[PDB]
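Below you'll find the structure, written out as structure tokens, and then a few comments.
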Number of protein chains: 2
Amino acid sequence: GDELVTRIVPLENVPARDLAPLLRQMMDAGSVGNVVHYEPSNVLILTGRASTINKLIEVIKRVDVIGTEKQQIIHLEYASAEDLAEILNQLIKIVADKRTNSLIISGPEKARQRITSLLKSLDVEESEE
Amino acid sequence: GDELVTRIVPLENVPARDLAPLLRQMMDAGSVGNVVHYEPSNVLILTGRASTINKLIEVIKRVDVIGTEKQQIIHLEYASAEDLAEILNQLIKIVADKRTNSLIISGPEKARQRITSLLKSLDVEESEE
């Protein structure tokens, strides 16, 4: 409740700077005794009573996983990598592998899904004949 | 009704910035206790009583799907891809595939429809003889 402790959550996805008006606004939300502060390493360090920090650290993990963009690298079944590169690149990162033939992709999980749906569009090997 | 809660809808299609006069105008619409705020990740975070947030989050999903432009990639039946490229490009994105022969297209659903109607214009293989 009123218990004043310091507890520290980074925003890894984004530089935490963007919560400085928000979180010292949450200092500015209620009766003070609060500290919000920022390392270059992008950890967000807090001090405050138990509730103000409840919804402060709420803000912080929030802006973390709602600032998500995260890595995945995926196979390419048949089609040559350079191609699916050529298409998706100029559609507006995207990495190709011919040796093991992989499409490699970054973004949020919603980038994961959207470009997995582009993949599912073309995973098919053409019946060139 | 009067229940004050924070609830958060992104505008994925557009950067949510364009609702800052609108939604803090909806703070400014009625008796306050409201917060509207914006992540770089383009999620739009709200705080307010149940009705003001009813029509606030209304605004937000609204400007989402009315800011729609969304992806689809489509086959090309016969005609070479470079061609239908050449025409539609210089008509004022548009991606070609010769290997699997696909016309690839971005836009709203209304871009979907309009250029599906250009497609239906020429899907036909010419009787070159």
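Ordered as shown in the structure tokens, chains take letters A, B, and onward, while each chain numbers its residues from 1 and ligands are numbered from 1 in the order shown.
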Just fit chain B onto chain A on all the Cα atoms, in order, by least squares, and give it as a tab-separated table (two decimals) with C-alpha atoms, in the first residue's frame.
```tsv
chain	number	residue	atom	x	y	z
B	1	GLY	CA	0.00	0.00	0.00
B	2	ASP	CA	2.11	2.85	1.33
B	3	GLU	CA	5.35	0.86	1.23
B	4	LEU	CA	8.08	2.97	-0.37
B	5	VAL	CA	10.52	0.84	-2.34
B	6	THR	CA	12.66	1.20	-5.45
B	7	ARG	CA	12.10	-1.31	-8.24
B	8	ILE	CA	13.51	-1.24	-11.72
B	9	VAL	CA	12.10	-2.45	-15.06
B	10	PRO	CA	13.88	-1.85	-18.40
B	11	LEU	CA	12.13	-1.12	-21.66
B	12	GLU	CA	14.30	-3.26	-23.93
B	13	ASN	CA	12.27	-2.88	-27.14
B	14	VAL	CA	12.34	0.94	-27.08
B	15	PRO	CA	14.56	3.54	-25.38
B	16	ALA	CA	12.68	4.19	-22.14
B	17	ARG	CA	12.94	7.98	-22.61
B	18	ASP	CA	9.34	8.10	-23.91
B	19	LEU	CA	7.93	7.36	-20.44
B	20	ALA	CA	9.57	10.36	-18.73
B	21	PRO	CA	6.47	12.61	-19.07
B	22	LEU	CA	4.26	9.60	-18.32
B	23	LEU	CA	6.00	8.18	-15.25
B	24	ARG	CA	7.16	11.37	-13.57
B	25	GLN	CA	3.65	12.38	-14.49
B	26	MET	CA	2.73	9.44	-12.23
B	27	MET	CA	4.94	11.00	-9.62
B	28	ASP	CA	2.86	14.06	-10.49
B	29	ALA	CA	-0.28	11.89	-10.26
B	30	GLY	CA	-0.39	11.50	-6.48
B	31	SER	CA	1.23	12.30	-3.17
B	32	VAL	CA	4.95	12.41	-3.82
B	33	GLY	CA	7.96	10.54	-2.55
B	34	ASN	CA	8.56	9.19	-6.06
B	35	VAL	CA	11.58	8.94	-8.34
B	36	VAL	CA	11.69	7.84	-11.98
B	37	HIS	CA	15.06	7.72	-13.72
B	38	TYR	CA	16.70	6.37	-16.85
B	39	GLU	CA	19.91	4.61	-17.69
B	40	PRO	CA	21.60	4.79	-21.12
B	41	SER	CA	21.40	0.99	-20.96
B	42	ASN	CA	17.64	1.67	-21.12
B	43	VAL	CA	16.64	0.27	-17.74
B	44	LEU	CA	13.94	2.34	-16.06
B	45	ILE	CA	14.52	2.72	-12.33
B	46	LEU	CA	11.73	3.63	-9.93
B	47	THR	CA	11.17	4.65	-6.32
B	48	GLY	CA	7.78	5.02	-4.69
B	49	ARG	CA	4.99	3.72	-2.51
B	50	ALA	CA	3.41	0.38	-3.35
B	51	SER	CA	0.39	1.54	-5.39
B	52	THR	CA	1.99	4.37	-7.37
B	53	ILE	CA	4.68	1.88	-8.28
B	54	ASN	CA	2.05	-0.79	-9.04
B	55	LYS	CA	0.71	1.26	-11.91
B	56	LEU	CA	4.11	2.79	-12.71
B	57	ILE	CA	5.77	-0.60	-13.28
B	58	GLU	CA	2.51	-1.45	-15.04
B	59	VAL	CA	3.30	1.38	-17.43
B	60	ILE	CA	6.85	0.14	-17.85
B	61	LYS	CA	6.39	-3.54	-18.69
B	62	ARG	CA	3.43	-2.31	-20.72
B	63	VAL	CA	5.49	0.01	-22.94
B	64	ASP	CA	8.01	-2.83	-23.17
B	65	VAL	CA	5.82	-5.54	-24.68
B	66	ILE	CA	3.65	-2.98	-26.47
B	67	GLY	CA	6.86	-1.59	-27.89
B	68	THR	CA	7.63	-5.14	-29.04
B	69	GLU	CA	9.54	-5.82	-32.15
B	70	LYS	CA	11.46	-9.06	-31.88
B	71	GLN	CA	13.49	-11.44	-33.98
B	72	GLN	CA	12.75	-14.64	-35.84
B	73	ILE	CA	14.48	-16.45	-38.66
B	74	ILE	CA	12.49	-18.90	-40.73
B	75	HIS	CA	13.07	-21.56	-43.37
B	76	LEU	CA	12.45	-21.25	-47.10
B	77	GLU	CA	11.14	-24.57	-48.36
B	78	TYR	CA	11.81	-24.57	-52.13
B	79	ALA	CA	11.77	-21.17	-53.77
B	80	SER	CA	15.13	-19.43	-54.12
B	81	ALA	CA	15.85	-16.90	-51.41
B	82	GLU	CA	16.91	-13.96	-53.59
B	83	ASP	CA	13.48	-13.96	-55.21
B	84	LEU	CA	11.21	-13.77	-52.17
B	85	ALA	CA	13.72	-11.20	-51.08
B	86	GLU	CA	13.21	-9.21	-54.26
B	87	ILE	CA	9.46	-9.12	-53.83
B	88	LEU	CA	9.18	-8.45	-50.12
B	89	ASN	CA	12.06	-5.99	-49.86
B	90	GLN	CA	10.54	-3.47	-52.25
B	91	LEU	CA	7.14	-3.99	-50.61
B	92	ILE	CA	6.67	-1.09	-48.21
B	93	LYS	CA	14.15	-6.26	-42.26
B	94	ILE	CA	14.24	-9.07	-44.84
B	95	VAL	CA	17.19	-11.46	-45.15
B	96	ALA	CA	17.75	-14.31	-47.62
B	97	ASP	CA	19.78	-17.53	-47.47
B	98	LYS	CA	20.48	-19.64	-50.53
B	99	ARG	CA	22.88	-22.06	-48.80
B	100	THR	CA	20.31	-23.21	-46.26
B	101	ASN	CA	17.54	-21.23	-48.03
B	102	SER	CA	15.97	-19.19	-45.23
B	103	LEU	CA	13.74	-16.15	-45.06
B	104	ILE	CA	14.78	-14.12	-42.03
B	105	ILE	CA	12.50	-11.53	-40.53
B	106	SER	CA	12.26	-8.87	-37.83
B	107	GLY	CA	9.40	-6.92	-36.33
B	108	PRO	CA	6.79	-7.29	-33.62
B	109	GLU	CA	4.79	-10.47	-33.29
B	110	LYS	CA	2.40	-8.69	-35.65
B	111	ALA	CA	5.26	-8.41	-38.12
B	112	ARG	CA	5.83	-12.09	-37.46
B	113	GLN	CA	2.22	-12.84	-38.37
B	114	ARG	CA	1.79	-10.45	-41.30
B	115	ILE	CA	4.87	-11.68	-43.10
B	116	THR	CA	4.17	-15.29	-42.19
B	117	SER	CA	0.99	-14.66	-44.16
B	118	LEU	CA	3.03	-13.29	-47.03
B	119	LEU	CA	5.11	-16.45	-46.72
B	120	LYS	CA	2.04	-18.66	-46.72
B	121	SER	CA	1.10	-16.75	-49.84
B	122	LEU	CA	4.25	-18.00	-51.56
B	123	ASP	CA	5.77	-21.05	-50.03
B	124	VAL	CA	4.81	-22.97	-53.16
B	125	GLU	CA	7.27	-24.33	-55.68
B	126	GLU	CA	6.10	-23.38	-59.15
B	127	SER	CA	5.26	-26.19	-61.54
B	128	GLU	CA	7.75	-24.81	-64.05
B	129	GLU	CA	7.72	-28.09	-65.96
```
| task | From a DSSP calculation on the backbone, collect every residue of range 42-127 of chain A in alpha helix (DSSP H) and output the set as a ChimeraX atom specification. | result | /A:50-65,81-89,109-121
May I have the selected residues written with N, CA and C atoms, as a tab-separated table (two decimals), in the first residue's frame?
```tsv
chain	number	residue	atom	x	y	z
A	50	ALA	N	3.75	1.65	-2.71
A	50	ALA	CA	3.41	0.38	-3.35
A	50	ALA	C	2.39	0.53	-4.48
A	51	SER	N	1.40	1.41	-4.33
A	51	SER	CA	0.39	1.54	-5.39
A	51	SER	C	0.90	2.34	-6.57
A	52	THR	N	1.43	3.54	-6.31
A	52	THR	CA	1.99	4.37	-7.37
A	52	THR	C	2.99	3.57	-8.19
A	53	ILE	N	3.78	2.72	-7.53
A	53	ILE	CA	4.68	1.88	-8.28
A	53	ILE	C	3.95	0.71	-8.92
A	54	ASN	N	2.84	0.23	-8.34
A	54	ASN	CA	2.05	-0.79	-9.04
A	54	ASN	C	1.74	-0.33	-10.45
A	55	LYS	N	1.14	0.84	-10.58
A	55	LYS	CA	0.71	1.26	-11.91
A	55	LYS	C	1.82	1.97	-12.68
A	56	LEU	N	2.90	2.38	-12.00
A	56	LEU	CA	4.11	2.79	-12.71
A	56	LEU	C	4.78	1.61	-13.41
A	57	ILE	N	5.14	0.57	-12.66
A	57	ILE	CA	5.77	-0.60	-13.28
A	57	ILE	C	4.81	-1.26	-14.26
A	58	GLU	N	3.50	-1.16	-14.00
A	58	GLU	CA	2.51	-1.45	-15.04
A	58	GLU	C	2.83	-0.70	-16.31
A	59	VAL	N	3.00	0.63	-16.23
A	59	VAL	CA	3.30	1.38	-17.43
A	59	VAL	C	4.55	0.82	-18.10
A	60	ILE	N	5.53	0.40	-17.29
A	60	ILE	CA	6.85	0.14	-17.85
A	60	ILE	C	6.90	-1.20	-18.58
A	61	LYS	N	6.47	-2.29	-17.93
A	61	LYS	CA	6.39	-3.54	-18.69
A	61	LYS	C	5.42	-3.39	-19.85
A	62	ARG	N	4.33	-2.65	-19.63
A	62	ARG	CA	3.43	-2.31	-20.72
A	62	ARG	C	4.22	-1.79	-21.92
A	63	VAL	N	4.82	-0.61	-21.80
A	63	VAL	CA	5.49	0.01	-22.94
A	63	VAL	C	6.60	-0.88	-23.48
A	64	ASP	N	7.12	-1.79	-22.65
A	64	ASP	CA	8.01	-2.83	-23.17
A	64	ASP	C	7.31	-3.69	-24.22
A	65	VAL	N	6.34	-4.50	-23.79
A	65	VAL	CA	5.82	-5.54	-24.68
A	65	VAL	C	4.80	-4.94	-25.65
A	81	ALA	N	15.97	-17.92	-52.44
A	81	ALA	CA	15.85	-16.90	-51.41
A	81	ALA	C	15.87	-15.50	-52.01
A	82	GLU	N	16.82	-15.23	-52.90
A	82	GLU	CA	16.91	-13.96	-53.59
A	82	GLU	C	15.57	-13.49	-54.13
A	83	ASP	N	14.76	-14.38	-54.67
A	83	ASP	CA	13.48	-13.95	-55.21
A	83	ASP	C	12.60	-13.35	-54.12
A	84	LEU	N	12.11	-14.21	-53.23
A	84	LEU	CA	11.21	-13.77	-52.17
A	84	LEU	C	11.78	-12.55	-51.46
A	85	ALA	N	13.10	-12.49	-51.33
A	85	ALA	CA	13.72	-11.20	-51.07
A	85	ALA	C	13.16	-10.16	-52.03
A	86	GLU	N	13.46	-10.30	-53.33
A	86	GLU	CA	13.21	-9.21	-54.26
A	86	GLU	C	11.79	-8.69	-54.12
A	87	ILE	N	10.82	-9.59	-53.97
A	87	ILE	CA	9.46	-9.12	-53.83
A	87	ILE	C	9.30	-8.37	-52.52
A	88	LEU	N	9.63	-9.00	-51.39
A	88	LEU	CA	9.18	-8.45	-50.12
A	88	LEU	C	9.96	-7.21	-49.74
A	89	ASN	N	11.24	-7.17	-50.10
A	89	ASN	CA	12.06	-5.99	-49.86
A	89	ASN	C	11.32	-4.74	-50.29
A	109	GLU	N	5.49	-9.23	-32.97
A	109	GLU	CA	4.79	-10.47	-33.29
A	109	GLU	C	3.79	-10.22	-34.41
A	110	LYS	N	3.30	-8.99	-34.54
A	110	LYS	CA	2.40	-8.69	-35.65
A	110	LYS	C	3.16	-8.59	-36.97
A	111	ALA	N	4.45	-8.24	-36.92
A	111	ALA	CA	5.26	-8.41	-38.12
A	111	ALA	C	5.51	-9.88	-38.39
A	112	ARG	N	5.76	-10.65	-37.32
A	112	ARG	CA	5.83	-12.09	-37.46
A	112	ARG	C	4.63	-12.61	-38.23
A	113	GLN	N	3.42	-12.27	-37.78
A	113	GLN	CA	2.22	-12.84	-38.37
A	113	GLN	C	1.99	-12.33	-39.79
A	114	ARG	N	2.10	-11.01	-39.99
A	114	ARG	CA	1.79	-10.45	-41.30
A	114	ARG	C	2.70	-11.04	-42.36
A	115	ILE	N	3.98	-11.20	-42.06
A	115	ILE	CA	4.87	-11.68	-43.10
A	115	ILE	C	4.94	-13.20	-43.10
A	116	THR	N	4.42	-13.85	-42.06
A	116	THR	CA	4.17	-15.29	-42.19
A	116	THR	C	2.99	-15.53	-43.11
A	117	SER	N	2.11	-14.54	-43.23
A	117	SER	CA	0.99	-14.66	-44.16
A	117	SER	C	1.43	-14.33	-45.58
A	118	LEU	N	2.38	-13.41	-45.73
A	118	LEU	CA	3.03	-13.29	-47.03
A	118	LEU	C	3.75	-14.59	-47.40
A	119	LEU	N	4.50	-15.15	-46.45
A	119	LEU	CA	5.11	-16.45	-46.72
A	119	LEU	C	4.07	-17.45	-47.16
A	120	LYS	N	3.04	-17.67	-46.36
A	120	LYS	CA	2.04	-18.66	-46.72
A	120	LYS	C	1.44	-18.36	-48.08
A	121	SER	N	1.40	-17.08	-48.46
A	121	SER	CA	1.10	-16.75	-49.84
A	121	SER	C	2.03	-17.50	-50.78
```
| field | In range 35-120 of chain B, DSSP strand (DSSP E or B) residues written as a PyMOL selection string | value | chain B and resi 35-38+43-48+70-75+94-96+102-107
